[PDB]
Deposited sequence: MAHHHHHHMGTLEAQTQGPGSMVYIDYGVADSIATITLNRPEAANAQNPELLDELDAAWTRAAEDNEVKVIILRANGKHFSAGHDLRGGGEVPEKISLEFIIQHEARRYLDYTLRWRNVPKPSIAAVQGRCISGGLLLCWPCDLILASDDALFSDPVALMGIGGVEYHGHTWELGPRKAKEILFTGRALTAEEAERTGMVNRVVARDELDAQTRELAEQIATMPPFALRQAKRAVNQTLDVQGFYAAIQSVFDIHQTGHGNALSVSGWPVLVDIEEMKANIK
């Protein structure tokens, strides 16, 4: 793998975004590698916990940017919707460690994790409105932030600090930048002492509550609204964005 580093030790799989030269901007190849890494961790009976982390200053700058809407949907449904939900549902605990900028598409990498630790310098945003689109393809915003804060960041394009995100429940813990990796691995190690079936079913309990609340249906619903963004952009310019 060119863009993703994978290691297993002490029952923990660590998946590292390794394209620091582009601020971990996501091309298709990177997303395919990342999905392969998640599947590896899912299928390795030695792995009890997964860490998602990133090299460099910034967790991820987002997606690396006649075209039909049909074509756009085919590609986005696979890599931005189905991959993300598949990661969400992997039956073992996962923790994202987020430093620096996590922008638009970056949210699709950390939101599917169960827990999020952020460094004090982390900044979460989704400014895709500038491009004519109503938020990224997988709409965690309302669930993670509450509707008022979700609209605030979509409408203004501003960034939320790590402490703001912690206040909405999107981030579990804010930690000093130099301690982010250490504190993440220590959490993962504590979780790995639990019986794997108990962790599987705890995760299932919370995620199934969310799905009964309408999470799956809402994610699908908003994916369609997202696609009208692209449809409008195409109708106006012939390009997927404004």
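Sequence ranges 1 to 21, 87 to 94, 272 to 282 have no coordinates in this entry (deposited sequence, numbered from 1, C-alpha basis).
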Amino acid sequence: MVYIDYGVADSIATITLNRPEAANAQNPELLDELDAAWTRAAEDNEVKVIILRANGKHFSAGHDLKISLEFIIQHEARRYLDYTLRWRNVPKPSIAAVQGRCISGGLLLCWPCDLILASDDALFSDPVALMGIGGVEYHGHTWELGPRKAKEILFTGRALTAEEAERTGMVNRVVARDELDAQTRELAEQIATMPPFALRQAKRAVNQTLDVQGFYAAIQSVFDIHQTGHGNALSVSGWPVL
From here on, numbers count along this sequence of modelled residues.
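Higher mean CA temperature factor, per the PDB entry, when comparing 181 to 189 with 212 to 220: 181 to 189. Taking the mean C-alpha B-factor of each stretch as recorded, 81 to 89 and 142 to 150 are not equal, and the higher mean is that of 81 to 89. Comparing the C-alpha B-factors of 126, 114, 121, 137 in the entry, the top value falls on 121.
Of the candidates 110, 170, 130, 162, the deposited coordinates give 130 the top C-alpha B factor. Split the chain's modelled residues into thirds by C-alpha temperature factor. Residue 102 is in the middle one. Per the deposited record, the Cα B-factor of residue 65 falls in the highest third when ranked against the other modelled residues of its chain.
When all modelled residues of the chain are sorted by CA temperature factor, residue 48 is found within the middle third.
Remark: residue 225 belongs to the lowest third of its chain, ranked by C-alpha B-factor as recorded. Remark: residue 30 belongs to the highest third of its chain, ranked by C-alpha B-factor as recorded.
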